[PDB]
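Engineer: I am attaching a structure below and will ask some questions about it afterwards.
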Amino acid sequence: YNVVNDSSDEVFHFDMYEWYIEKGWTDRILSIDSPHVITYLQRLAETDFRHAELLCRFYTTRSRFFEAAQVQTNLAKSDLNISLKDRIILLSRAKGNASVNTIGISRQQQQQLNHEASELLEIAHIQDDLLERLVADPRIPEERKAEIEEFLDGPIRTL
Amino acid sequence: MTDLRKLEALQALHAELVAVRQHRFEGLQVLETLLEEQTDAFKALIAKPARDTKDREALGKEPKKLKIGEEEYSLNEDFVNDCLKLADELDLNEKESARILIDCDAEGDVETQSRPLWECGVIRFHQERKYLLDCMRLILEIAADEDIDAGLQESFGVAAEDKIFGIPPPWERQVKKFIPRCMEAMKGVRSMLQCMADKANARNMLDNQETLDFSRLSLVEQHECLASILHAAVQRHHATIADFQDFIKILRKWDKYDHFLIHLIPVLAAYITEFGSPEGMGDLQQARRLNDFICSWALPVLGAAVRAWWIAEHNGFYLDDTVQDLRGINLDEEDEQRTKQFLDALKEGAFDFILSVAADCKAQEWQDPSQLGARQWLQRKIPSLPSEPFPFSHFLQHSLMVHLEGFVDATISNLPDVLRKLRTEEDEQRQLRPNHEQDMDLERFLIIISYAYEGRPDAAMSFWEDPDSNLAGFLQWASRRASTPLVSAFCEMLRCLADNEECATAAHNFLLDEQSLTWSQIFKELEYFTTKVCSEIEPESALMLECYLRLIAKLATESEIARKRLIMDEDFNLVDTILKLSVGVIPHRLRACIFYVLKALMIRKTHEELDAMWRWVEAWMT
Amino acid sequence: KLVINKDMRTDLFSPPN
């Protein structure tokens, strides 16, 4: 592992960040002082959920809660393939992270994000309560249930 | 700014807490916004990720581009060398260590301090723990402030339960408790400080001397903050017996006397108060086991003091037989056992250690020359501090004085017969062998009482409000016929119990007749010594004279009735006696005390007093 | 923003196509 960390090959270190992510070694990746890994995540954060989650962990441990709430909220409003329940977790985290002070950011900007995440989380829970009840309902034909699961187990719908 | 880093976030947060503490509520809306952004910080007090090999080998393999979170940075042969150096000195992860160094380049503090880049990382790392821990003390301190709005006082209270102690609020709700994390947290500070001296001493045996001194200061401050946080948490009845046993074992395994022991003293005091005294876990059965458990020690004075405090605090149960159950238990045997244990603790030097700690706590760089040699004529056998620059705080001193006054009240209201028998034993010992110096237990105890009651008139008034209480009873009983040391200790106590004018007037009215000490005997002894010197003198007589002069000066500076009476009293004529004593062959201390007494008497005077003073001066100088 | 429109929906109790 010395030979690994003693390298200056950049495509290599990118390939190793991806490999650590694959194997699940949050142990070793979260323990890198470097910003090089943060910058690498900032480009692909809004591309994949698993990468965004890593980026948000780096922000939170650095008391940058508002920036994580921003990543999580945009991810919940996006058209990436994300389940409704995963979008409930993202909003719930963003709601908490925007409710606490982050230095350098105005109280107004925090509250406006904490409010957008609170409303979207309220709608998401309604949608989750619906989807669950509809799937379990004995009086609903199977043919329709599959159709319900397609349109409700994804991005959050209007009221 | 708005996008502040971890360091700037804690530094700004600290300023806000000081505002609310200094009666400035202009940042209420801004304060709540910070606690939510640093929620993950308050959860873990102090935790450094272990040095991993995955980052060590990867950092040096491709030191070209670094990705931390969302931003990206470029590593060069110069910066990469600082990461490995910082990680080795502090044993910190390469990823976390790199982030610290990156924060310095952005803020650009290398020019503000003109130091190597790798050294700044050590300071920046210590600053985080300082504010991260120091800010917690302000939260609990403000949550207990009674001079603020009740609503705001409760906001910081519930917040600390969840942010610091990890306890959710009442309106909601695998995890580890706070104490076990705090104990392990303080442990890391000790191991880190120990390894620091070993490595530092090796290379020393440079431009980093001041940095090492600042790091040691930050470490001791963080340890004091952790101790205060632990004390506050224990004050909320959030402990158990396992933590108490662990703390007792850690104390038994104590090696050297330093500031850490003085910081932990109040922790054990609060532990005994919550468990030993009937003001907490009032399980009488549980207290019996702890008594035998407390009653191996690498320092006997510590065990003696602990046993004395435990006995003093636990003797409050056996006062009456109506508030608790005391059936099928003998009293005389337990009383004799506690008495012999307290006597053994005294012989081992419990009060001596307490007095040495109290003295070392208020160690001041400079002292007023009007009180030189006061309370410094005993036989101190306890080793002193190494004199390193580790100044104490104010809240710690306040808590120490409060605990000492509480212990004094308990010992006075629970063990009067013990003090009586000790005084009689000392008297008979001094009588059967005057050539030898008996023990100074009572004098040391009175000096500790004086140190406890200093600059606190709210507590000193208790000795004058109720003249029929136990406090006034002991005050009047300690004024009977005794030796020079006891009289000097009582005079010093009276002098220190005159922080204001009301207490000074009360002491004046209580000293004069309305047997206990009276001004008549004082002036008689003064005239006797004057005639003896003018027709040798022992240290005890000089000490008594100096104590009398200091007491008179204090009463004249604090009280007005005494200043107006003694100045023109025909039966005393203190001025003539002090002048006849000063014109004699005596050391300079007595002359200085007489001059200070004259100054105090002449602090507020009129034309007639000025004329009389000038007449006396001319008559005695011509 | 809510807008009720009972007019044209999709029969929740009939399959598609």
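If you're wondering about the labels, chains in the structure tokens are A, B, ... by order shown, residues count from 1 in each chain, ligands from 1 in order shown.
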If we count only C-alpha atoms and set the cut-off at 8 Å, which residues sit around segment 175-192 of chain B, ignoring sequence neighbours fewer than 3 positions away in its own chain? Please answer as a PDB file with N, CA, C and O atoms, in the first residue's frame.

Structural biologist:
ATOM      1  N   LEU B  45     -16.600  14.427  20.583  1.00  0.00           N
ATOM      2  CA  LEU B  45     -15.772  15.456  21.203  1.00  0.00           C
ATOM      3  C   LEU B  45     -14.435  15.585  20.481  1.00  0.00           C
ATOM      4  O   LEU B  45     -14.123  16.633  19.903  1.00  0.00           O
ATOM      5  N   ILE B  46     -13.632  14.524  20.505  1.00  0.00           N
ATOM      6  CA  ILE B  46     -12.344  14.509  19.821  1.00  0.00           C
ATOM      7  C   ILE B  46     -12.053  13.093  19.346  1.00  0.00           C
ATOM      8  O   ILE B  46     -12.049  12.146  20.141  1.00  0.00           O
ATOM      9  N   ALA B  47     -11.817  12.936  18.046  1.00  0.00           N
ATOM     10  CA  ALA B  47     -11.539  11.627  17.468  1.00  0.00           C
ATOM     11  C   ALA B  47     -10.702  11.818  16.214  1.00  0.00           C
ATOM     12  O   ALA B  47     -11.148  12.470  15.265  1.00  0.00           O
ATOM     13  N   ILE B 164     -24.435  17.563  22.745  1.00  0.00           N
ATOM     14  CA  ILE B 164     -23.244  17.177  23.495  1.00  0.00           C
ATOM     15  C   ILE B 164     -23.423  15.769  24.046  1.00  0.00           C
ATOM     16  O   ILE B 164     -22.642  14.863  23.732  1.00  0.00           O
ATOM     17  N   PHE B 165     -24.452  15.572  24.869  1.00  0.00           N
ATOM     18  CA  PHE B 165     -24.681  14.289  25.522  1.00  0.00           C
ATOM     19  C   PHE B 165     -25.368  13.274  24.621  1.00  0.00           C
ATOM     20  O   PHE B 165     -25.554  12.126  25.040  1.00  0.00           O
ATOM     21  N   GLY B 166     -25.747  13.655  23.402  1.00  0.00           N
ATOM     22  CA  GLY B 166     -26.383  12.715  22.495  1.00  0.00           C
ATOM     23  C   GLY B 166     -27.690  12.154  23.003  1.00  0.00           C
ATOM     24  O   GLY B 166     -28.073  11.045  22.615  1.00  0.00           O
ATOM     25  N   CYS B 195       3.542  10.957  24.778  1.00  0.00           N
ATOM     26  CA  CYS B 195       4.390  10.675  23.626  1.00  0.00           C
ATOM     27  C   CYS B 195       5.037  11.945  23.087  1.00  0.00           C
ATOM     28  O   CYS B 195       6.114  11.886  22.485  1.00  0.00           O
ATOM     29  N   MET B 196       4.396  13.098  23.292  1.00  0.00           N
ATOM     30  CA  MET B 196       4.974  14.357  22.836  1.00  0.00           C
ATOM     31  C   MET B 196       6.267  14.666  23.582  1.00  0.00           C
ATOM     32  O   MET B 196       7.284  15.013  22.970  1.00  0.00           O
ATOM     33  N   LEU B 219      -3.517  21.866  24.757  1.00  0.00           N
ATOM     34  CA  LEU B 219      -3.859  20.550  25.287  1.00  0.00           C
ATOM     35  C   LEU B 219      -4.354  20.645  26.725  1.00  0.00           C
ATOM     36  O   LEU B 219      -5.359  20.017  27.083  1.00  0.00           O
ATOM     37  N   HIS B 223      -8.064  19.745  28.125  1.00  0.00           N
ATOM     38  CA  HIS B 223      -8.285  18.826  29.236  1.00  0.00           C
ATOM     39  C   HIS B 223      -9.135  19.479  30.320  1.00  0.00           C
ATOM     40  O   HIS B 223     -10.040  18.845  30.878  1.00  0.00           O
ATOM     41  N   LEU B 226     -12.705  19.549  29.093  1.00  0.00           N
ATOM     42  CA  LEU B 226     -13.327  18.233  29.197  1.00  0.00           C
ATOM     43  C   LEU B 226     -13.676  17.907  30.642  1.00  0.00           C
ATOM     44  O   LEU B 226     -14.736  17.333  30.918  1.00  0.00           O
ATOM     45  N   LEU B 230     -17.405  17.193  32.036  1.00  0.00           N
ATOM     46  CA  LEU B 230     -17.732  15.996  32.803  1.00  0.00           C
ATOM     47  C   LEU B 230     -18.380  16.362  34.132  1.00  0.00           C
ATOM     48  O   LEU B 230     -19.358  15.731  34.553  1.00  0.00           O
ATOM     49  N   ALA B 239     -24.830   9.596  35.888  1.00  0.00           N
ATOM     50  CA  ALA B 239     -23.683   8.734  36.140  1.00  0.00           C
ATOM     51  C   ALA B 239     -24.167   7.424  36.750  1.00  0.00           C
ATOM     52  O   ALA B 239     -25.370   7.181  36.884  1.00  0.00           O
ATOM     53  N   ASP B 243     -18.715   4.127  36.557  1.00  0.00           N
ATOM     54  CA  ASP B 243     -17.873   5.291  36.305  1.00  0.00           C
ATOM     55  C   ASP B 243     -17.163   5.737  37.576  1.00  0.00           C
ATOM     56  O   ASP B 243     -15.988   6.126  37.538  1.00  0.00           O
TER      57      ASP B 243
END

Engineer: When you look at residue 16 of chain C with a cut-off of 12 Å (counting only C-alpha atoms), what residues show up, excluding the ones that are within fewer than 3 positions of it in the same chain? I need them as a PyMOL selection string.

Structural biologist: (chain A and resi 141-148) or (chain C and resi 10-13)

Engineer: Save the residues we just selected, N, CA and C atoms, as a compact mmCIF listing (two decimals), in the first residue's frame?

Structural biologist:
# COMPACT_ATOMS: atom_id res chain seq x y z
N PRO A 141 -56.91 -4.75 -9.05
CA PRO A 141 -56.40 -5.81 -9.92
C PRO A 141 -54.89 -5.73 -10.08
N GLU A 142 -54.26 -6.91 -10.18
CA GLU A 142 -52.81 -6.98 -10.33
C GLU A 142 -52.34 -6.15 -11.52
N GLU A 143 -53.09 -6.19 -12.63
CA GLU A 143 -52.67 -5.47 -13.83
C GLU A 143 -52.46 -4.00 -13.54
N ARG A 144 -53.31 -3.41 -12.70
CA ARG A 144 -53.21 -1.99 -12.38
C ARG A 144 -52.07 -1.71 -11.41
N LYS A 145 -51.82 -2.63 -10.46
CA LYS A 145 -50.80 -2.39 -9.44
C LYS A 145 -49.43 -2.16 -10.06
N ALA A 146 -49.03 -3.02 -11.00
CA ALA A 146 -47.76 -2.83 -11.68
C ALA A 146 -47.69 -1.45 -12.32
N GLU A 147 -48.82 -0.96 -12.83
CA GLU A 147 -48.85 0.36 -13.44
C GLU A 147 -48.71 1.45 -12.38
N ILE A 148 -49.30 1.24 -11.20
CA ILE A 148 -49.16 2.20 -10.12
C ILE A 148 -47.72 2.26 -9.64
N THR C 10 -57.87 8.37 -15.61
CA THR C 10 -57.58 7.02 -16.09
C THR C 10 -58.24 6.05 -15.13
N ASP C 11 -59.12 5.20 -15.65
CA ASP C 11 -59.84 4.26 -14.81
C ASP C 11 -58.85 3.45 -13.99
N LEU C 12 -58.80 3.73 -12.69
CA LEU C 12 -57.91 3.02 -11.78
C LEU C 12 -58.27 1.54 -11.66
N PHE C 13 -59.47 1.15 -12.11
CA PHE C 13 -59.97 -0.21 -11.96
C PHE C 13 -60.11 -0.94 -13.30

Engineer: Counting only C-alpha atoms, what is within 9 Å of residue 553 of chain B, bar same-chain residues fewer than 2 positions away, as a list in words?

Structural biologist: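 Answer for this query is residues 548, 549, 550, 551, 555, 556, 557, 558, 593, 594, 596, 597, 598, 599, 600 and 601 of chain B.
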
Engineer: Considering only helix (DSSP H, G or I) as DSSP defines it on the backbone, what residues of segment 68-181 of chain B qualify? List them as number ranges by chain.

Structural biologist: B: 77-90, 94-107, 110-113, 117-143, 150-163, 178-181

Engineer: Name the residues in contact with segment 72-89 of chain A at a cut-off of 7 Å, using only C-alpha atoms, excluding same-chain residues fewer than 2 positions from it; report them as a PyMOL selection string.

Structural biologist: chain A and resi 46+68-70+91-94+117+121+124+153-155

Engineer: Please write the residues from the selection above to a file, keeping N, CA, C and O atoms, as a PDB file, in the first residue's frame.

Structural biologist:
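selection-v7.pdb, freshly written:
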ATOM      1  N   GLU A  46     -23.617  14.625  -9.115  1.00  0.00           N
ATOM      2  CA  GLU A  46     -24.932  14.673  -9.738  1.00  0.00           C
ATOM      3  C   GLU A  46     -25.083  13.666 -10.874  1.00  0.00           C
ATOM      4  O   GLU A  46     -25.937  13.862 -11.750  1.00  0.00           O
ATOM      5  N   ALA A  68     -24.177  19.993   1.682  1.00  0.00           N
ATOM      6  CA  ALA A  68     -24.707  18.636   1.573  1.00  0.00           C
ATOM      7  C   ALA A  68     -26.215  18.655   1.363  1.00  0.00           C
ATOM      8  O   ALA A  68     -26.748  17.877   0.563  1.00  0.00           O
ATOM      9  N   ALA A  69     -26.921  19.533   2.079  1.00  0.00           N
ATOM     10  CA  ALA A  69     -28.361  19.653   1.892  1.00  0.00           C
ATOM     11  C   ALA A  69     -28.697  20.075   0.468  1.00  0.00           C
ATOM     12  O   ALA A  69     -29.755  19.707  -0.059  1.00  0.00           O
ATOM     13  N   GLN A  70     -27.812  20.836  -0.172  1.00  0.00           N
ATOM     14  CA  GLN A  70     -28.042  21.240  -1.553  1.00  0.00           C
ATOM     15  C   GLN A  70     -27.878  20.056  -2.499  1.00  0.00           C
ATOM     16  O   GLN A  70     -28.702  19.849  -3.399  1.00  0.00           O
ATOM     17  N   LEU A  91     -34.199  13.727   1.166  1.00  0.00           N
ATOM     18  CA  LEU A  91     -34.877  14.925   1.649  1.00  0.00           C
ATOM     19  C   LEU A  91     -34.783  15.032   3.164  1.00  0.00           C
ATOM     20  O   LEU A  91     -34.562  16.121   3.703  1.00  0.00           O
ATOM     21  N   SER A  92     -34.947  13.910   3.867  1.00  0.00           N
ATOM     22  CA  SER A  92     -34.900  13.939   5.325  1.00  0.00           C
ATOM     23  C   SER A  92     -33.522  14.371   5.817  1.00  0.00           C
ATOM     24  O   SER A  92     -33.407  15.114   6.798  1.00  0.00           O
ATOM     25  N   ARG A  93     -32.463  13.919   5.143  1.00  0.00           N
ATOM     26  CA  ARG A  93     -31.119  14.366   5.487  1.00  0.00           C
ATOM     27  C   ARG A  93     -30.935  15.845   5.168  1.00  0.00           C
ATOM     28  O   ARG A  93     -30.410  16.604   5.992  1.00  0.00           O
ATOM     29  N   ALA A  94     -31.363  16.277   3.976  1.00  0.00           N
ATOM     30  CA  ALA A  94     -31.248  17.686   3.613  1.00  0.00           C
ATOM     31  C   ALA A  94     -31.995  18.569   4.603  1.00  0.00           C
ATOM     32  O   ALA A  94     -31.519  19.655   4.958  1.00  0.00           O
ATOM     33  N   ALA A 117     -37.072  21.431   1.425  1.00  0.00           N
ATOM     34  CA  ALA A 117     -36.914  20.022   1.762  1.00  0.00           C
ATOM     35  C   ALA A 117     -38.037  19.528   2.664  1.00  0.00           C
ATOM     36  O   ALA A 117     -38.423  18.353   2.584  1.00  0.00           O
ATOM     37  N   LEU A 121     -40.567  16.632   1.439  1.00  0.00           N
ATOM     38  CA  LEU A 121     -40.610  15.435   2.269  1.00  0.00           C
ATOM     39  C   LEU A 121     -42.036  15.115   2.691  1.00  0.00           C
ATOM     40  O   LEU A 121     -42.409  13.940   2.800  1.00  0.00           O
ATOM     41  N   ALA A 124     -43.577  13.533  -0.323  1.00  0.00           N
ATOM     42  CA  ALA A 124     -43.016  12.213  -0.582  1.00  0.00           C
ATOM     43  C   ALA A 124     -43.628  11.165   0.339  1.00  0.00           C
ATOM     44  O   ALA A 124     -43.925  10.048  -0.099  1.00  0.00           O
ATOM     45  N   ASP A 153     -43.191   4.973  -7.735  1.00  0.00           N
ATOM     46  CA  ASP A 153     -41.905   4.609  -7.133  1.00  0.00           C
ATOM     47  C   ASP A 153     -40.754   5.231  -7.926  1.00  0.00           C
ATOM     48  O   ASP A 153     -39.884   4.555  -8.471  1.00  0.00           O
ATOM     49  N   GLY A 154     -40.777   6.559  -7.975  1.00  0.00           N
ATOM     50  CA  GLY A 154     -39.765   7.320  -8.663  1.00  0.00           C
ATOM     51  C   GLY A 154     -39.800   8.765  -8.216  1.00  0.00           C
ATOM     52  O   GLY A 154     -40.001   9.052  -7.031  1.00  0.00           O
ATOM     53  N   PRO A 155     -39.605   9.712  -9.135  1.00  0.00           N
ATOM     54  CA  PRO A 155     -39.608  11.121  -8.731  1.00  0.00           C
ATOM     55  C   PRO A 155     -40.933  11.520  -8.103  1.00  0.00           C
ATOM     56  O   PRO A 155     -41.987  10.949  -8.385  1.00  0.00           O
TER      57      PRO A 155
END

Engineer: Can you measure atom CA of residue 15 of chain C to atom CA of residue 152 of chain A for me? One decimal in Å is fine.

Structural biologist: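 Interatomic distance, atom CA of residue 15 of chain C to atom CA of residue 152 of chain A: 16.8 Å.
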
Engineer: Any idea what the distance is between atom CA of residue 391 of chain B and atom CA of residue 363 of chain B?

Structural biologist: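 Interatomic distance, atom CA of residue 391 of chain B to atom CA of residue 363 of chain B: 8.3 Å.
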
Engineer: At a cut-off of 12 Å, using only C-alpha atoms, what residues contact residue 20 of chain A? Leave out same-chain residues fewer than 4 positions from it and give the result as a PyMOL selection string.

Structural biologist: (chain A and resi 13-16+24-32+37+51+54) or (chain B and resi 54-55+58)

Engineer: Could you check which of A:107, A:158, A:58, A:139 is closest to residue 3 of chain C, using only C-alpha atoms?

Structural biologist: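 For residue 3 of chain C, the nearest of the candidates is A:158.
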
Engineer: In Å, with one decimal, what is the gap from atom CA of residue 7 of chain C to atom CA of residue 129 of chain A?

Structural biologist: 25.2 Å

Engineer: Compile the residues of chain A that lie within 8 Å of chain B, evaluated using only C-alpha atoms, and express the compilation as a PyMOL selection string.

Structural biologist: chain A and resi 1-10+12-13+28-43+45+54-66+96-107+110

Engineer: Using only C-alpha atoms, determine which residues lie at most 10 Å from residue 456 of chain B, disregarding the query and same-chain residues fewer than 6 positions distant; provide the list as a PyMOL selection string.

Structural biologist: chain B and resi 398+401-402+496-500

Engineer: For the residues selected in the previous step, produce a file with N, CA, C and O atoms as a PDB file, in the first residue's frame.

Structural biologist:
ATOM      1  N   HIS B 398     -14.017  29.132  41.009  1.00  0.00           N
ATOM      2  CA  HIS B 398     -15.326  29.309  41.631  1.00  0.00           C
ATOM      3  C   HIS B 398     -15.879  27.976  42.120  1.00  0.00           C
ATOM      4  O   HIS B 398     -16.359  27.866  43.255  1.00  0.00           O
ATOM      5  N   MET B 401     -13.931  26.784  45.204  1.00  0.00           N
ATOM      6  CA  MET B 401     -14.306  27.500  46.420  1.00  0.00           C
ATOM      7  C   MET B 401     -15.683  27.068  46.908  1.00  0.00           C
ATOM      8  O   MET B 401     -15.905  26.929  48.116  1.00  0.00           O
ATOM      9  N   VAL B 402     -16.621  26.847  45.984  1.00  0.00           N
ATOM     10  CA  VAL B 402     -17.954  26.398  46.379  1.00  0.00           C
ATOM     11  C   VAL B 402     -17.874  25.029  47.047  1.00  0.00           C
ATOM     12  O   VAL B 402     -18.491  24.789  48.092  1.00  0.00           O
ATOM     13  N   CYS B 496      -9.998  38.132  56.153  1.00  0.00           N
ATOM     14  CA  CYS B 496     -10.441  37.690  54.835  1.00  0.00           C
ATOM     15  C   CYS B 496     -11.959  37.681  54.707  1.00  0.00           C
ATOM     16  O   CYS B 496     -12.472  37.671  53.582  1.00  0.00           O
ATOM     17  N   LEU B 497     -12.686  37.685  55.825  1.00  0.00           N
ATOM     18  CA  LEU B 497     -14.143  37.731  55.816  1.00  0.00           C
ATOM     19  C   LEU B 497     -14.686  39.155  55.875  1.00  0.00           C
ATOM     20  O   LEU B 497     -15.807  39.371  56.354  1.00  0.00           O
ATOM     21  N   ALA B 498     -13.921  40.134  55.399  1.00  0.00           N
ATOM     22  CA  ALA B 498     -14.313  41.540  55.405  1.00  0.00           C
ATOM     23  C   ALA B 498     -14.206  42.122  54.002  1.00  0.00           C
ATOM     24  O   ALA B 498     -13.657  43.205  53.784  1.00  0.00           O
ATOM     25  N   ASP B 499     -14.739  41.394  53.020  1.00  0.00           N
ATOM     26  CA  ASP B 499     -14.675  41.845  51.635  1.00  0.00           C
ATOM     27  C   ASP B 499     -15.494  43.107  51.395  1.00  0.00           C
ATOM     28  O   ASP B 499     -15.262  43.799  50.397  1.00  0.00           O
ATOM     29  N   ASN B 500     -16.440  43.423  52.280  1.00  0.00           N
ATOM     30  CA  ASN B 500     -17.276  44.606  52.114  1.00  0.00           C
ATOM     31  C   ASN B 500     -17.393  45.373  53.427  1.00  0.00           C
ATOM     32  O   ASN B 500     -16.714  45.047  54.406  1.00  0.00           O
TER      33      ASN B 500
END
